[PDB]
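Novice: From first to last, the protein sequence lines stand for chains A and B. Counting in the working numbering, the first sequence runs from 41 upward without gaps. Counting in the working numbering, the second sequence runs from 17 upward without gaps. All C-beta atoms in this analysis are idealised placements derived from N, C-alpha and C, irrespective of residue type, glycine included. This is the structure I have questions about; it appears just below.
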Amino acid sequence: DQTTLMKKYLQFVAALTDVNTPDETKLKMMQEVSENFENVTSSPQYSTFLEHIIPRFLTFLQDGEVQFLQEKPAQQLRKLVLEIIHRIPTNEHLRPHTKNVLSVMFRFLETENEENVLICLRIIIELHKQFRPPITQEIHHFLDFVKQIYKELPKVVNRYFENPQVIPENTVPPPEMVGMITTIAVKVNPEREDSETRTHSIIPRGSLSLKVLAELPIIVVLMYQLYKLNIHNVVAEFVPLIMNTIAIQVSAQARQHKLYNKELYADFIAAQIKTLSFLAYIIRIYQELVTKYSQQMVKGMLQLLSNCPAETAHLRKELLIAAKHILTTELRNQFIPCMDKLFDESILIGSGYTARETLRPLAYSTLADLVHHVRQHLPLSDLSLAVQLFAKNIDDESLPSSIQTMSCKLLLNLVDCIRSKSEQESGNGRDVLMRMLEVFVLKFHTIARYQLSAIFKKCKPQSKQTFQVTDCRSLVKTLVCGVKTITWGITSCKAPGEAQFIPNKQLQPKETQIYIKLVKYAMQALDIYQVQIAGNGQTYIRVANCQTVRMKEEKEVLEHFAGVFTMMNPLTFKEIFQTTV
Amino acid sequence: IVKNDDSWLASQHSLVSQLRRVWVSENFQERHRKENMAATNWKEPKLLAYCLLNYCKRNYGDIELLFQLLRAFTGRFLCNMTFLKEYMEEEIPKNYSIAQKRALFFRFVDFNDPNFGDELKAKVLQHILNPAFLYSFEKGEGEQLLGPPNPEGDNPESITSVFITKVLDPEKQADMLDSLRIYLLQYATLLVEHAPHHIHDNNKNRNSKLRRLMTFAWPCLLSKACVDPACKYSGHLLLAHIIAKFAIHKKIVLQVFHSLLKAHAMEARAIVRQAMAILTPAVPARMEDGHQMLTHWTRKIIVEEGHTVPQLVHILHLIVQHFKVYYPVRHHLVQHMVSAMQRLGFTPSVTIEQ
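Next comes the structure, spelled out in structure tokens:
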């Protein structure tokens, strides 16, 4: 009888508040209750079931002393009750109890251990997302509690990293001197080497745990989304706290200590990166106040990039996403002086294996957008550094073809900047332009030899391969456009130590050889347009004897390829084409 | 000269010795890694590698100089080293004999050179050892290449014995770089998949080599919070292969399955998918109540979790991929499947992938 089963579960819930019942019996009863919520929610009695259980669960949670040992049956029972509250469906039946549950959870956020606080935060997020209640004083008290945690963070950092404390052996430390869930072993009698052995796990206080600090900013973002008109001025107070938080760095001496904890440092960096994501969300609303504090922000996020652990690829990804969002705003101008460090690939990507394979496209696309927006302010040295990095990106066959095209397009745009800065500096701009042209010619050769041979091998006679063909076409088009731009830059730059510019000049023999190789390789590379892509999925080489090209893209790119040579001095054109014809 | 005469350099031993000296030298690798963009010598490492490769093509016994060529892959030079990769992945498996492949492996084992770090050994396993051994196993030369199927790990001729004892030595494991560990787990996956008989004979009452290989994988099952996900899941992929090949106890299989179910992170999606594709068919084939265990754990994770979307979508992707396996337990899963389908399809702001 489902009614009898529901009454039995109600008796179990009432027995939860009972003092006589053994703890393990309560744990088993609630474990049975947790598994059977699928059956309870079907019946219309689920509403009365909620009206009975939710007040009782809240009462038991309120009455209990805050536990901090993970193996304690009372702590496990409290955690199971909280998880049961989280698992309760969020339909309209939860609405009457929502206010009481939210108030109870908000009071526990001030007071309880990491496990229970994290569960309470999840419950708060779910309830506020689904039901969206109006603003109460508990919300302002939460925002003040978060601000207090942000202010307390340097003390936490000093306590755990800067001045670690040795836990007395065979003793159970208070939770205020552990930074994370730590397991310890205790022998009951210290008088002898042989004694009864017991093991305990200590849960930190929620006000000191960095996992809670990592989880907080998303809740603030959610409540700003729900309560935008009310808490707008309160969020403004977070900005200096956010900047101070991201500015914090653990000293080098602390990391080398005998008591240094790597997982706690990972949690600390995770909290800092979550704070930077919060900043990236609020950057466009509070842009004036962020601008006032931006000078520390540049340092803070450069240091987050330097200090992000190699193993934590997800943290590096979130940091890169937040940086991409921030760089879209005016604040990218502040990075103009420091981009010489930001071009260090170790800073940007690190030495992690997953970071190197997965996140390099994200890193170079973010940096490419930054360079493209900033390019007119970068000096000649920074332009050369960006050229060197993205030139190395052109060749790199581990990167997807989209990233190679993106780097080619970046190098194309730099050419007029490199020209302007070289004319102002009277520097070596023509040399870096020649080096870019060489990198483009070598990419043409690589496409002709490796990529086109594979594409042709994959073809079959008529009557992701599409992606490989479309990206080869796009890369060849970008290479042609970049070669034309680089040629215009070379033909528009004063040479190193030259007296004066002249409106066109016969190229040196080495440059002419490079252009001869360009003709040889690009004429092979432009064969990609022969490979058609039928609607049936067949990729086939078109009939060889056909000069009536039906495609506009091939006509345009072939005319652009000829545009490279038509702007040269007649003697250079003659030397190249006598050999190449 | 090498281009015009392919056979000339194979005899000039002193010249090639000084070419190697330059190639392994610190100043050369620093200068070419830390060039100015306008540096004239950008072709130099390609030309030097081409010469050293030409020497190595005819003199197979000089495995040391072959390994030093992988310094081309540790940097990121601005000249295309694809000809080295092509040679190492294609020509070595095709051309080298079984004895020469064994020499490659045994030189990799005893390579005690202070200047040859873990990343270079990772390059060795990635480009030389694994392709060659994969080609040999595909051709069927596994018995000759591995040598004797020594159940007792002492025999210095048994490739599996020396690999598990010397290479996987627990004392080495501490400072292990993640790339080296990953490619060692890939080599162990080759050994297990192609040559299970050499790893463990089911007739033997006990074998230490299987235990020591599982022990090498096992740190991935530890619940540490700062591990590169590819290393952890590569270890799960090795355990998935071992579980498929060998009659492993239930608790290990269930722990590996549960840990792969909790693996909803984006960073290691492909490796987790490979491991699950291997393991999910294996679970019903392994134990007498495999279908019930599949049901129990899938239901448990879908219910007790899934308040976070990525976990639920991960489990649903796994169900979709292996629906044929889940077919005999369809009736249990289908309710949660349709509920999650409705929720994911109608919750606000559905991404097209969801």
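#1: Using a Cβ-Cβ cut-off of 7 angstroms (strictly less than) and excluding sequence neighbours within five positions of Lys483 of chain A, which residues of its own chain qualify?
#2: Give, in chain order, every unbroken run of the alpha helix (DSSP H) that is at least 4 residues long and sits entirely within the segment 144–195 of chain B.
#3: With a threshold of 8 angstroms between beta-carbons, can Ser195 of chain B be considered close to chain A, or not?
#4: So what does DSSP say about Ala298 of chain B, is it helix, strand or coil?
#5: State the CB to CB distance for the pair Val427 of chain A and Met476 of chain A, rounded to an integer number of angstroms; the pair is presumed to be in contact (CB under 8 angstroms).
#6: How many whole angstroms separate the CB atoms of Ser177 of chain B and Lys137 of chain B, which I take to be in contact at a CB cut-off of 8 angstroms?
#7: With 8 angstroms as the limit, tell me which residues of the segment 401–420 of chain A have their beta carbon closer than that to any beta carbon of chain B; keep them in chain order.
#8: Hey, is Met53 of chain B's beta-carbon within less than 8 angstroms of any beta-carbon in chain A?
#9: Does the separation of the CB atoms of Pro215 of chain A and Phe108 of chain A fall below 8 angstroms?
#10: On the three-state DSSP scale, how would you describe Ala204 of chain B?
#11: Provide the residue span of the beta strand (DSSP E) that contains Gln572 of chain A, from first to last.
#12: Please list, in chain order, all residues of the same chain as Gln578 of chain A whose beta carbon is under 8 angstroms from its beta carbon, the five residues on each side excluded.
#13: Can you tell me whether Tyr580 of chain A is helix, strand or coil according to DSSP?
#14: Consider the Cβ of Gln312 of chain A: report whether some Cβ of chain B lies at a distance smaller than 8 angstroms.
#15: Just checking: is the beta-carbon of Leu90 of chain A within a distance shorter than 8 angstroms of some beta-carbon in chain B?
#16: Is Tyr343 of chain B buried or exposed, if buried means 16 or more other CB atoms sit within 10 Å of its CB?
#17: Are at least three pairs of beta-carbons, each pair with one atom in the segment 309–324 of chain A and one in the segment 360–371 of chain A, less than 8 angstroms apart?
#18: Which residues bound the alpha helix (DSSP H) around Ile159 of chain A?
#19: At the level of alpha carbons, what is the spacing between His48 of chain B and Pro61 of chain B?
#20: Could you work out which residues of chain A lie near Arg92 of chain B, taking near to mean beta carbons separated by less than 8 angstroms?
#21: Can you name the start and end residues of the alpha helix (DSSP H) that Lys139 of chain B belongs to?
#22: So, under 8 angstroms CB-CB, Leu206 of chain B and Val183 of chain B are touching, yes? Tell me the CB distance rounded to an integer number of Å.
#23: On the CB-based measure, 16 or more other CB atoms within 10 Å of its CB, does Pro109 of chain B come out buried or exposed?
#24: So with CB distances below 7 angstroms, who are the chain B contacts of residue 623 of chain A?
#25: So is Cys512 of chain A buried or exposed if we call it buried at 16+ other beta carbons inside 10 Å?
#26: Report, in whole angstroms, the separation of the C-beta atoms of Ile556 of chain A and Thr606 of chain A, which I expect to be a contact under 8 angstroms.
#27: Say whether chain A places a C-beta atom closer than 8 angstroms to the C-beta of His323 of chain B.
#28: One question on the structure: do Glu154 of chain A and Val260 of chain A come within less than 8 angstroms of each other, judged by their Cβ atoms?
#29: What are the partner residues of residue 10 of chain A, as DSSP defines its beta bridges?
#30: Measure the CB-CB distance between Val140 of chain B and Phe83 of chain B and report whether it falls below 8 angstroms.
#31: What number of angstroms, rounded off, separates the C-alpha of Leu117 of chain A from the C-alpha of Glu385 of chain A?
#32: Evaluate the contact criterion for the segment 534–548 of chain A versus the segment 596–604 of chain A: three or more CB pairs, one atom per stretch, below 8 angstroms.
#33: Of the residues A:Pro610, A:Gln296, A:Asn140 and A:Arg162, which one's Cα is nearest the Cα of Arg127 of chain A?
#34: Leaving aside the five residues before and after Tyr305 of chain A along the sequence, list all residues of the same chain whose C-beta is less than 6 angstroms from its C-beta, in chain order.
#35: Only counting runs of 4 or more residues, tell me where the alpha helix (DSSP H) segments fall wholly within the segment 227–303 of chain B, in order along the chain.
#36: Checking 8 angstroms against the spacing of the C-beta atoms, do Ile144 of chain B and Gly163 of chain B come in under that value?
Specialist: Taking the geometry as given:
#1: Taking the first residue of the first sequence as 1, we reach residue 483 of chain A at position 443. Hits under 7 angstroms: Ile434, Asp435 and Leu519.
#2: 146–155, 158–162 and 175–178
#3: Taking the second sequence and counting its residues from 1, one reaches residue 195 of chain B at position 179. It does: the Cβ of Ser195 of chain B has a partner Cβ on chain A nearer than 8 angstroms.
#4: Indexing the second sequence from 1 puts residue 298 of chain B at position 282. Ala298 of chain B: helix per DSSP, three-state reduction.
#5: Walking along the first sequence from the start, residue 427 of chain A turns up at place 387. Walking along the first sequence from the start, residue 476 of chain A turns up at place 436. That belief holds up - the Cβ atoms of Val427 of chain A and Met476 of chain A are roughly 6 angstroms apart, short of 8 angstroms.
#6: On the second sequence, residue 177 of chain B is found 161 positions in, with the first residue counted as 1. On the second sequence, residue 137 of chain B is found 121 positions in, with the first residue counted as 1. That pair is no contact at about 20 angstroms.
#7: none
#8: Stepping through the second sequence from its first residue, residue 53 of chain B is reached at position 37. Closer than 8 angstroms to some Cβ of chain A, the Cβ of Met53 of chain B qualifies, so yes.
#9: Within the first sequence, residue 215 of chain A is the residue found at index 175, counting from 1. Within the first sequence, residue 108 of chain A is the residue found at index 68, counting from 1. Going by C-beta atoms, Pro215 of chain A is nearer than 8 angstroms to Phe108 of chain A.
#10: To locate residue 204 of chain B, count along the second sequence from 1; it is residue 188. Correct three-state label for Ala204 of chain B: helix.
#11: If you number the first sequence from 1, residue 572 of chain A lands on position 532. Looking at the DSSP string, the run of the beta strand (DSSP E) that includes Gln572 of chain A is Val571 to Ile573.
#12: Numbered from 1 along the first sequence, position 538 holds the residue referred to as residue 578 of chain A. The answer, listed in chain order, is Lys500 and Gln502.
#13: The residue you call residue 580 of chain A lines up with position 540 of the first sequence. It is a strand residue.
#14: Taking the first residue of the first sequence as position 1, residue 312 of chain A is located at position 272. No, its Cβ sits nowhere closer than 8 angstroms to a Cβ of chain B.
#15: On the first sequence, residue 90 of chain A is found 50 positions in, with the first residue counted as 1. Closer than 8 angstroms: no.
#16: In the second sequence, counting from the first residue as 1, residue 343 of chain B sits at position 327. Exposed, by the Cβ-count rule.
#17: yes
#18: Counting from one through the first sequence, the residue named residue 159 of chain A turns up at place 119. Where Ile159 of chain A is concerned, the enclosing alpha helix (DSSP H) stretches over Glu154 to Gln170.
#19: Taking the first residue of the second sequence as 1, we reach residue 48 of chain B at position 32. Taking the first residue of the second sequence as 1, we reach residue 61 of chain B at position 45. Each residue's Cα considered, the two are about 8 angstroms apart.
#20: As a first step, residue 92 of chain B is located in the second sequence; it is residue number 76 there, counting from the start. The contacting residues are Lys432 and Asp436.
#21: In the second sequence, counting from the first residue as 1, residue 139 of chain B sits at position 123. Its alpha helix (DSSP H) spans residues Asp134 to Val140.
#22: Against the second sequence, residue 206 of chain B aligns to sequence position 190. Against the second sequence, residue 183 of chain B aligns to sequence position 167. Between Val183 of chain B and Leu206 of chain B the Cβ distance is about 13 angstroms, and since that is not below 8 angstroms, they are no contact.
#23: Within the second sequence, numbered from 1, the residue matching residue 109 of chain B stands at position 93. Classification of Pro109 of chain B: buried, given that the 10 Å Cβ count is 16 or more.
#24: Only positions 41 to 621 of chain A appear in the structure, and residue 623 of chain A is not among them; the question remains open.
#25: Residue 512 of chain A sits at position 472 when you count from the first residue of the first sequence. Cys512 of chain A should be labelled buried.
#26: Walking along the first sequence from the start, residue 556 of chain A turns up at place 516. Walking along the first sequence from the start, residue 606 of chain A turns up at place 566. The Cβ separation is near 16 angstroms, so there is no contact.
#27: The sequence position of residue 323 of chain B within the second sequence is 307, counting from 1. Judged by the 8 angstroms Cβ criterion, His323 of chain B is in contact with chain A.
#28: To locate residue 154 of chain A, count along the first sequence from 1; it is residue 114. To locate residue 260 of chain A, count along the first sequence from 1; it is residue 220. No, these two residues do not count as a Cβ contact at 8 angstroms.
#29: Any answer about residue 10 of chain A is impossible in this case: the structure gives chain A only from 41 up to 621.
#30: The residue you call residue 140 of chain B lines up with position 124 of the second sequence. The residue you call residue 83 of chain B lines up with position 67 of the second sequence. Closer than 8 angstroms, so yes.
#31: Residue numbering aside, residue 117 of chain A sits at position 77 when the first sequence is read from its first letter. Residue numbering aside, residue 385 of chain A sits at position 345 when the first sequence is read from its first letter. Using only the alpha carbons, I get a separation of about 49 angstroms.
#32: no
#33: Here residue 127 of chain A refers to the residue found at position 87 of the first sequence. With distances taken between Cα atoms, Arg127 of chain A lies closest to A:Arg162.
#34: Residue numbering aside, residue 305 of chain A sits at position 265 when the first sequence is read from its first letter. Cβ neighbours of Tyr305 of chain A beyond the five flanking positions: none.
#35: 245–261, 266–277 and 285–302
#36: Position 128 of the second sequence, counting from 1, holds the residue named residue 144 of chain B. Position 147 of the second sequence, counting from 1, holds the residue named residue 163 of chain B. Against a cut-off of 8 angstroms, the Cβ pair of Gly163 of chain B and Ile144 of chain B comes out as no contact.
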